[PDB]
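Since the structure comes first, as structure tokens, the remarks are kept for the end.
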Amino acid sequence: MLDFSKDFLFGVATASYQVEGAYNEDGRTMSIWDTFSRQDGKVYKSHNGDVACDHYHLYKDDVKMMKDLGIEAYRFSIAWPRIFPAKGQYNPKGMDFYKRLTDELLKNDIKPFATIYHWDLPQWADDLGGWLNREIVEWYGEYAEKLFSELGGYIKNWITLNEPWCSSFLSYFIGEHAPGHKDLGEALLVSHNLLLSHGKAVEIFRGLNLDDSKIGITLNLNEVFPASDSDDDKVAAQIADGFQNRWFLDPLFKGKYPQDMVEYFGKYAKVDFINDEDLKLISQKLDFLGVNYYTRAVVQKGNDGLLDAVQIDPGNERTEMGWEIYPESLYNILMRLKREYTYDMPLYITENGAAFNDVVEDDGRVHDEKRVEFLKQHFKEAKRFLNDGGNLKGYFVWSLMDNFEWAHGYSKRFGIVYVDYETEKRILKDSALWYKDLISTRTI
Ligand code: NA
Ligand code: NA
Ligand code: NA
């Protein structure tokens, strides 16, 4: 009768540094991203999040806009540098923003999903070594415990980390993201300290025994296809799958790093951070897994160097990120989790969406028909997973609004709502009107 049950959550998602602005107001100190965006050549045209969408000031208009679309759940992140702008120094004015935001969501029948860490590490923590310093587990634990104690009556759905693959490999190996190191050993140790920090928050959360409250983690996952049936392309796909997916899924859900990748990485860097006590903390039972899905990878063996797979273009339609539009991988990844990792545990899609070349036409509208078709194809796969016995509880579109897309600055637009940055005007895109209809009819 309904493709999506009344209890299924239709959501949208943002992140603190990507939308809030007010970067130096009410006691906020710099994050690693405020620092990184001011380093020459790190971010497109030296864009930064000083102002972004001005969501800090415009949050009531943004909540009313979500209520008018019929949004059922809102995923956002909490900015560590607003809450602890200096080590051990709590900022009540910081916490007050997240109380007024969550109060506005609950009064407009929107369920809050709060990401504790979405990449805006305080500069003070980075200056003490940041994710390379195992003491960060205690600093993160103190931060998480404060959020649980102050906001536990406001928020019942908690996500420890967003995309630890990005905070580790993209930030410390590839160097695209803050703080922008280029060292495999650092990226591997950071991946471990991120997961241990997740573990510490889970341990704290369970000790609080919070009424009807749930905790999880968000991972960016893909599907890797070999370019051919050759043994060479099979190993290339195995390594690329180990690098993106299994390096995080295995410690979290099996309590062991993937042994093929430990051996592979061990040829190039130290993997001596692995121990039983830490893996027990990392693998504590979660209430749900958040999946961030955008695209697949088709790979062929490269020159036998470190993670040097050649990226094959299979000749299909792509977004403005150059990401293939391949909706079948959404179903394939959710089934893989049901069969191999999460079994009957609740899953959410915590991000899915696309960047297109959006323009405001002379009629004042944004006719983003490619984003309408993108979302339609991916929701149809979510429906297929549900109809095949999948435990999918909700789907959060990335993003509510166009925002600061990290190293790309404002040059990539992911919103269902267009933002004219000169005026901070919000314009509903045709994708927003399509989504409003999907929530209302629950039919696709
Ligand atoms: Na910002
Ligand atoms: Na800048
Ligand atoms: Na678990």
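We name chains A, B, ... following the order of the structure tokens; residues begin at 1 in each chain, and ligands are numbered from 1 as shown.
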
Would you give me, as an MDAnalysis selection string, the residues in region 114-262 of chain A that DSSP reads as strand (DSSP E)? chainID A and resid 114:117 157:162 214:220 224:226

Taking only C-alpha atoms and all ligand atoms into account, list the residues no farther than 6 Å from ligand 3, as a ChimeraX atom specification. /A:253,284-286

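Excluding residue 26 (chain A) itself and any same-chain residue fewer than 3 positions from it, the protein and nucleic acid residues within 9 Å of it, counting only C-alpha atoms, are residues 22, 23, 82, 91, 93 and 94 of chain A.
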
Selected residues written out with N, CA and C atoms, as a JSON list (two decimals), in the first residue's frame:
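Written output follows (result10.json):
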```
[["chain", "number", "residue", "atom", "x", "y", "z"],
["A", 22, "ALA", "N", 29.33, 31.93, 10.60],
["A", 22, "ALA", "CA", 29.54, 32.44, 11.97],
["A", 22, "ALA", "C", 30.82, 31.83, 12.56],
["A", 23, "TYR", "N", 31.89, 31.80, 11.79],
["A", 23, "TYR", "CA", 33.08, 30.97, 12.12],
["A", 23, "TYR", "C", 33.82, 31.51, 13.34],
["A", 82, "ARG", "N", 33.06, 24.86, 18.60],
["A", 82, "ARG", "CA", 32.05, 25.70, 19.31],
["A", 82, "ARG", "C", 31.89, 25.20, 20.75],
["A", 91, "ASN", "N", 32.20, 25.72, 26.35],
["A", 91, "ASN", "CA", 31.55, 26.97, 25.88],
["A", 91, "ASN", "C", 30.03, 26.78, 25.86],
["A", 93, "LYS", "N", 27.74, 28.88, 25.28],
["A", 93, "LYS", "CA", 27.16, 29.64, 24.14],
["A", 93, "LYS", "C", 27.15, 28.77, 22.88],
["A", 94, "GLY", "N", 28.12, 27.87, 22.77],
["A", 94, "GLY", "CA", 28.23, 26.92, 21.65],
["A", 94, "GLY", "C", 27.13, 25.90, 21.74]]
```

Quick one: DSSP helix (DSSP H, G or I) residues in region 120-324 of chain A, as a compact mmCIF listing (two decimals) with N, CA and C atoms, in the first residue's frame?
```txt
# COMPACT_ATOMS: atom_id res chain seq x y z
N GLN A 123 41.61 23.40 16.02
CA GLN A 123 43.04 23.63 15.74
C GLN A 123 43.87 23.31 16.99
N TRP A 124 43.35 23.58 18.19
CA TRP A 124 44.13 23.29 19.43
C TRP A 124 44.47 21.80 19.50
N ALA A 125 43.59 20.92 19.01
CA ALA A 125 43.78 19.45 19.11
C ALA A 125 44.83 19.05 18.08
N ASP A 126 44.73 19.57 16.86
CA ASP A 126 45.73 19.31 15.80
C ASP A 126 47.12 19.76 16.26
N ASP A 127 47.22 20.90 16.95
CA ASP A 127 48.52 21.46 17.40
C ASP A 127 49.12 20.54 18.46
N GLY A 130 46.74 16.03 17.05
CA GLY A 130 45.49 15.65 16.38
C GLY A 130 45.30 14.15 16.34
N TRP A 131 44.72 13.62 15.25
CA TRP A 131 44.38 12.16 15.21
C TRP A 131 45.62 11.27 15.28
N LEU A 132 46.83 11.81 15.17
CA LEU A 132 48.09 11.01 15.31
C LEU A 132 48.41 10.77 16.78
N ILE A 136 43.96 11.79 21.88
CA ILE A 136 42.70 12.28 21.25
C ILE A 136 41.51 11.41 21.61
N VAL A 137 41.73 10.13 21.85
CA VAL A 137 40.63 9.24 22.31
C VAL A 137 39.97 9.85 23.57
N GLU A 138 40.74 10.41 24.50
CA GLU A 138 40.18 10.98 25.76
C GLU A 138 39.55 12.34 25.49
N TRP A 139 40.17 13.17 24.65
CA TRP A 139 39.62 14.50 24.30
C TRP A 139 38.27 14.29 23.56
N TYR A 140 38.21 13.30 22.67
CA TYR A 140 36.96 13.01 21.91
C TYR A 140 35.91 12.46 22.89
N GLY A 141 36.34 11.57 23.79
CA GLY A 141 35.48 11.00 24.84
C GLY A 141 34.88 12.10 25.70
N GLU A 142 35.68 13.09 26.12
CA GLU A 142 35.17 14.21 26.96
C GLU A 142 34.10 15.01 26.18
N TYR A 143 34.38 15.32 24.92
CA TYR A 143 33.48 16.05 24.00
C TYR A 143 32.16 15.29 23.84
N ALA A 144 32.23 13.99 23.54
CA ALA A 144 31.04 13.15 23.30
C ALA A 144 30.21 13.10 24.58
N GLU A 145 30.85 12.89 25.73
CA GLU A 145 30.13 12.73 27.03
C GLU A 145 29.36 14.03 27.31
N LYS A 146 29.96 15.16 27.03
CA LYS A 146 29.32 16.49 27.24
C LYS A 146 28.08 16.62 26.34
N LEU A 147 28.18 16.21 25.08
CA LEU A 147 27.02 16.26 24.13
C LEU A 147 25.92 15.35 24.67
N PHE A 148 26.27 14.13 25.06
CA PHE A 148 25.25 13.17 25.54
C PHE A 148 24.55 13.76 26.78
N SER A 149 25.30 14.35 27.68
CA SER A 149 24.73 14.84 28.95
C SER A 149 23.87 16.10 28.71
N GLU A 150 24.28 17.02 27.85
CA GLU A 150 23.60 18.32 27.64
C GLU A 150 22.43 18.16 26.65
N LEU A 151 22.57 17.29 25.64
CA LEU A 151 21.60 17.22 24.53
C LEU A 151 20.79 15.93 24.55
N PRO A 164 35.28 7.96 8.20
CA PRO A 164 36.63 7.88 8.73
C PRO A 164 37.67 7.61 7.62
N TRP A 165 37.26 7.05 6.48
CA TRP A 165 38.17 6.87 5.30
C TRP A 165 38.69 8.24 4.87
N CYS A 166 37.83 9.25 4.87
CA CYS A 166 38.19 10.63 4.45
C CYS A 166 39.10 11.27 5.49
N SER A 167 38.77 11.16 6.79
CA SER A 167 39.57 11.77 7.87
C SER A 167 40.97 11.13 7.97
N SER A 168 41.12 9.90 7.50
CA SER A 168 42.39 9.16 7.57
C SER A 168 43.07 9.23 6.20
N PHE A 169 42.67 8.42 5.23
CA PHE A 169 43.41 8.29 3.94
C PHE A 169 43.37 9.59 3.12
N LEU A 170 42.21 10.23 2.97
CA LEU A 170 42.12 11.44 2.10
C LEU A 170 42.84 12.62 2.76
N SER A 171 42.96 12.64 4.08
CA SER A 171 43.51 13.77 4.87
C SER A 171 45.00 13.60 5.15
N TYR A 172 45.50 12.36 5.26
CA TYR A 172 46.87 12.04 5.73
C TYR A 172 47.66 11.27 4.68
N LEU A 184 51.51 7.30 4.26
CA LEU A 184 50.62 6.12 4.44
C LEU A 184 50.63 5.70 5.92
N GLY A 185 51.80 5.61 6.56
CA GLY A 185 51.84 5.18 7.96
C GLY A 185 51.00 6.08 8.84
N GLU A 186 51.04 7.39 8.62
CA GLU A 186 50.23 8.35 9.43
C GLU A 186 48.74 8.05 9.20
N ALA A 187 48.32 7.91 7.94
CA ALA A 187 46.91 7.63 7.59
C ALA A 187 46.45 6.33 8.26
N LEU A 188 47.29 5.29 8.32
CA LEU A 188 46.87 4.03 8.93
C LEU A 188 46.69 4.22 10.44
N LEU A 189 47.62 4.91 11.10
CA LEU A 189 47.53 5.12 12.56
C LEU A 189 46.30 5.97 12.85
N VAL A 190 46.06 6.99 12.02
CA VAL A 190 44.88 7.87 12.21
C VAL A 190 43.61 7.02 12.09
N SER A 191 43.53 6.13 11.12
CA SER A 191 42.34 5.26 10.93
C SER A 191 42.07 4.52 12.23
N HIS A 192 43.12 4.06 12.89
CA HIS A 192 43.00 3.29 14.15
C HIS A 192 42.52 4.19 15.28
N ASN A 193 43.09 5.39 15.39
CA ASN A 193 42.77 6.32 16.50
C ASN A 193 41.35 6.85 16.30
N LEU A 194 40.93 7.11 15.07
CA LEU A 194 39.49 7.41 14.77
C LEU A 194 38.59 6.28 15.27
N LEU A 195 38.89 5.03 14.94
CA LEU A 195 38.00 3.91 15.35
C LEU A 195 38.03 3.72 16.85
N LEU A 196 39.18 3.92 17.47
CA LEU A 196 39.28 3.79 18.94
C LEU A 196 38.45 4.89 19.61
N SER A 197 38.45 6.08 19.03
CA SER A 197 37.67 7.24 19.54
C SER A 197 36.16 6.93 19.45
N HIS A 198 35.71 6.40 18.32
CA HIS A 198 34.35 5.86 18.12
C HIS A 198 34.03 4.90 19.27
N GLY A 199 34.91 3.95 19.52
CA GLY A 199 34.76 2.96 20.59
C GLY A 199 34.56 3.58 21.96
N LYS A 200 35.36 4.58 22.27
CA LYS A 200 35.28 5.30 23.56
C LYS A 200 33.91 5.97 23.69
N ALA A 201 33.40 6.60 22.63
CA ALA A 201 32.07 7.25 22.68
C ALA A 201 30.99 6.19 22.89
N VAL A 202 31.11 5.05 22.23
CA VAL A 202 30.13 3.97 22.38
C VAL A 202 30.16 3.49 23.84
N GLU A 203 31.35 3.30 24.40
CA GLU A 203 31.50 2.81 25.79
C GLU A 203 30.82 3.81 26.74
N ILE A 204 31.08 5.10 26.55
CA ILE A 204 30.44 6.17 27.36
C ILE A 204 28.92 6.10 27.19
N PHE A 205 28.46 6.00 25.95
CA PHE A 205 27.02 6.04 25.61
C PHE A 205 26.31 4.90 26.35
N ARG A 206 26.86 3.71 26.30
CA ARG A 206 26.21 2.52 26.93
C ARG A 206 26.15 2.71 28.46
N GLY A 207 27.17 3.30 29.06
CA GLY A 207 27.21 3.55 30.51
C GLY A 207 26.11 4.51 30.94
N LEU A 208 25.67 5.39 30.05
CA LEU A 208 24.64 6.40 30.37
C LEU A 208 23.26 5.76 30.33
N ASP A 231 43.15 -12.43 -13.57
CA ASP A 231 43.65 -12.51 -12.17
C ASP A 231 44.20 -11.15 -11.75
N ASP A 232 44.90 -10.44 -12.64
CA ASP A 232 45.52 -9.13 -12.32
C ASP A 232 44.42 -8.15 -11.86
N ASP A 233 43.30 -8.10 -12.57
CA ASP A 233 42.23 -7.11 -12.29
C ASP A 233 41.47 -7.57 -11.04
N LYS A 234 41.39 -8.87 -10.81
CA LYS A 234 40.76 -9.42 -9.60
C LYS A 234 41.53 -8.94 -8.35
N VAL A 235 42.86 -9.04 -8.34
CA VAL A 235 43.68 -8.58 -7.19
C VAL A 235 43.53 -7.06 -7.09
N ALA A 236 43.55 -6.33 -8.21
CA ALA A 236 43.43 -4.86 -8.19
C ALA A 236 42.10 -4.48 -7.50
N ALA A 237 41.01 -5.17 -7.81
CA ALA A 237 39.65 -4.90 -7.27
C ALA A 237 39.60 -5.27 -5.78
N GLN A 238 40.24 -6.38 -5.41
CA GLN A 238 40.37 -6.82 -4.00
C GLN A 238 41.08 -5.75 -3.18
N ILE A 239 42.22 -5.25 -3.63
CA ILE A 239 42.94 -4.19 -2.89
C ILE A 239 42.08 -2.91 -2.81
N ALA A 240 41.48 -2.49 -3.91
CA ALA A 240 40.69 -1.23 -3.93
C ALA A 240 39.47 -1.38 -2.98
N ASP A 241 38.87 -2.57 -2.92
CA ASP A 241 37.74 -2.90 -2.02
C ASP A 241 38.22 -2.92 -0.56
N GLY A 242 39.41 -3.47 -0.30
CA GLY A 242 40.04 -3.48 1.03
C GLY A 242 40.32 -2.08 1.52
N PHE A 243 40.78 -1.22 0.62
CA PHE A 243 41.22 0.17 0.93
C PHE A 243 40.00 1.02 1.30
N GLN A 244 38.93 0.93 0.52
CA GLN A 244 37.77 1.84 0.72
C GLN A 244 36.83 1.27 1.79
N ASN A 245 36.52 -0.02 1.70
CA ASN A 245 35.36 -0.62 2.41
C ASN A 245 35.81 -1.51 3.59
N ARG A 246 36.59 -2.55 3.32
CA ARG A 246 36.85 -3.60 4.34
C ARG A 246 37.78 -3.07 5.42
N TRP A 247 38.67 -2.13 5.14
CA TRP A 247 39.56 -1.58 6.19
C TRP A 247 38.73 -1.06 7.38
N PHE A 248 37.51 -0.54 7.15
CA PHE A 248 36.59 -0.01 8.19
C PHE A 248 35.53 -1.05 8.58
N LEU A 249 34.93 -1.75 7.62
CA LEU A 249 33.87 -2.73 7.94
C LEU A 249 34.40 -3.87 8.82
N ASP A 250 35.58 -4.39 8.52
CA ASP A 250 36.14 -5.55 9.24
C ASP A 250 36.43 -5.24 10.71
N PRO A 251 37.18 -4.17 11.08
CA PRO A 251 37.40 -3.95 12.51
C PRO A 251 36.08 -3.69 13.26
N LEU A 252 35.18 -2.92 12.64
CA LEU A 252 33.91 -2.54 13.30
C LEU A 252 33.02 -3.78 13.52
N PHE A 253 32.89 -4.65 12.51
CA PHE A 253 31.83 -5.68 12.51
C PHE A 253 32.42 -7.08 12.72
N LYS A 254 33.72 -7.27 12.51
CA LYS A 254 34.38 -8.59 12.76
C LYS A 254 35.42 -8.50 13.88
N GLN A 259 43.00 -9.18 6.84
CA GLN A 259 44.40 -9.69 6.94
C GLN A 259 45.15 -9.42 5.63
N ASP A 260 44.50 -9.57 4.47
CA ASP A 260 45.11 -9.27 3.16
C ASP A 260 45.61 -7.82 3.13
N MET A 261 44.85 -6.87 3.67
CA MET A 261 45.28 -5.45 3.67
C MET A 261 46.34 -5.20 4.74
N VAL A 262 46.26 -5.85 5.91
CA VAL A 262 47.35 -5.70 6.91
C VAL A 262 48.69 -6.10 6.24
N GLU A 263 48.70 -7.21 5.52
CA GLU A 263 49.93 -7.74 4.85
C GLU A 263 50.33 -6.78 3.73
N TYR A 264 49.38 -6.35 2.90
CA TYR A 264 49.61 -5.42 1.79
C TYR A 264 50.22 -4.13 2.34
N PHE A 265 49.54 -3.46 3.27
CA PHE A 265 50.01 -2.18 3.86
C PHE A 265 51.35 -2.40 4.54
N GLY A 266 51.53 -3.56 5.15
CA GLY A 266 52.76 -3.86 5.93
C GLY A 266 54.02 -3.88 5.07
N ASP A 276 44.62 -6.58 20.50
CA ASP A 276 43.31 -7.20 20.85
C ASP A 276 42.45 -6.24 21.65
N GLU A 277 43.04 -5.57 22.64
CA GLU A 277 42.28 -4.71 23.58
C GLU A 277 41.61 -3.60 22.74
N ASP A 278 42.35 -3.01 21.81
CA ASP A 278 41.81 -1.89 21.00
C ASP A 278 40.71 -2.42 20.08
N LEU A 279 40.90 -3.60 19.47
CA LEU A 279 39.88 -4.15 18.54
C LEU A 279 38.61 -4.51 19.31
N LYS A 280 38.72 -4.89 20.59
CA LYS A 280 37.50 -5.19 21.38
C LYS A 280 36.70 -3.88 21.53
N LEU A 281 37.36 -2.76 21.82
CA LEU A 281 36.68 -1.47 22.02
C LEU A 281 36.08 -1.00 20.68
N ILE A 282 36.83 -1.16 19.60
CA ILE A 282 36.42 -0.70 18.25
C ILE A 282 35.12 -1.42 17.85
```

Find the residues near residue 361 (chain A): any atom within 12 Å, counting only C-alpha atoms, skip ones fewer than 5 places away on the same chain, and give them as a PyMOL selection string. chain A and resi 366-368+418+427+429

Selection above as a file: N, CA, C and O atoms, as a short mmCIF file (atom, residue, chain, number, x, y, z; two decimals), in the first residue's frame:
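Contents of again-v8.cif, freshly written:
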```
data_model
loop_
_atom_site.label_atom_id
_atom_site.label_comp_id
_atom_site.auth_asym_id
_atom_site.auth_seq_id
_atom_site.Cartn_x
_atom_site.Cartn_y
_atom_site.Cartn_z
N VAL A 366 15.02 26.48 -10.60
CA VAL A 366 16.18 25.61 -10.93
C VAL A 366 15.64 24.27 -11.42
O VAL A 366 15.17 23.47 -10.63
N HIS A 367 15.69 24.06 -12.73
CA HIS A 367 15.10 22.87 -13.38
C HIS A 367 16.17 21.77 -13.42
O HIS A 367 16.71 21.54 -14.50
N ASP A 368 16.49 21.18 -12.27
CA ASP A 368 17.61 20.23 -12.12
C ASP A 368 17.10 18.81 -12.42
O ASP A 368 17.14 17.92 -11.53
N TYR A 418 18.79 25.48 -3.83
CA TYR A 418 19.87 26.31 -4.39
C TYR A 418 20.13 27.47 -3.43
O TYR A 418 19.16 28.11 -2.94
N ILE A 427 16.46 28.90 -2.89
CA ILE A 427 15.47 28.65 -3.97
C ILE A 427 15.21 27.15 -4.04
O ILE A 427 16.20 26.41 -4.28
N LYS A 429 14.86 23.78 -5.61
CA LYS A 429 15.11 23.17 -6.93
C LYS A 429 13.96 22.21 -7.24
O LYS A 429 13.18 21.85 -6.32
#
```

Could you pull out the residues sitting within 6 Å of ligand 1, using only C-alpha atoms and all ligand atoms, and write them as a PyMOL selection string? chain A and resi 17-21+23+49-52

Keeping N, CA and C atoms, export the residues of the selection given above as a short mmCIF file (atom, residue, chain, number, x, y, z; two decimals), in the first residue's frame.
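What ended up in selection_21.cif:
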```cif
data_model
loop_
_atom_site.label_atom_id
_atom_site.label_comp_id
_atom_site.auth_asym_id
_atom_site.auth_seq_id
_atom_site.Cartn_x
_atom_site.Cartn_y
_atom_site.Cartn_z
N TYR A 17 30.67 22.74 9.26
CA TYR A 17 31.57 23.70 8.58
C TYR A 17 31.04 24.00 7.16
N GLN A 18 30.29 23.05 6.58
CA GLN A 18 29.80 23.21 5.20
C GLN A 18 28.67 24.24 5.13
N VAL A 19 27.89 24.44 6.20
CA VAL A 19 26.70 25.34 6.10
C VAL A 19 26.69 26.47 7.13
N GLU A 20 27.30 26.35 8.32
CA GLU A 20 26.92 27.24 9.46
C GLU A 20 27.41 28.68 9.24
N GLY A 21 28.65 28.85 8.79
CA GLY A 21 29.28 30.18 8.88
C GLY A 21 29.42 30.62 10.32
N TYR A 23 31.89 31.80 11.79
CA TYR A 23 33.08 30.97 12.12
C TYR A 23 33.82 31.51 13.34
N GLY A 49 34.77 28.50 4.85
CA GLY A 49 33.47 28.43 5.53
C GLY A 49 33.24 29.59 6.47
N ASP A 50 33.90 30.74 6.30
CA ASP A 50 33.65 31.89 7.20
C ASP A 50 32.13 32.16 7.30
N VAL A 51 31.47 32.21 6.14
CA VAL A 51 30.03 32.57 6.04
C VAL A 51 29.22 31.36 5.54
N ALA A 52 29.68 30.66 4.51
CA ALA A 52 28.98 29.47 3.95
C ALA A 52 27.53 29.88 3.66
#
```

Show me which residues are within 10 Å of ligand 2 counting only C-alpha atoms and all ligand atoms, and format the list as a PyMOL selection string. chain A and resi 33-50+409

Restricting the calculation to only C-alpha atoms, which member of A:334, A:32, A:347, A:13 is positioned closest to residue 406 (chain A)? A:32

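Residue nearest residue 65 (chain A) within the list A:95, A:269, A:110, A:291: A:110 [criterion: smallest interatomic distance, only C-alpha atoms].
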
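Counting from CA of residue 358 (chain A), the distance to CA of residue 64 (chain A) is 23.3 Å.
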
Using only C-alpha atoms, the best pick from A:74, A:179, A:428, A:133 as closest to residue 119 (chain A) would be A:179

Write out as a list in words each polymer residue whose atoms come within 8 Å of residue 416 (chain A), counting only C-alpha atoms; drop sequence neighbours fewer than 3 positions from it. residues 399, 400, 401, 402, 428, 429, 430, 431 and 432 of chain A
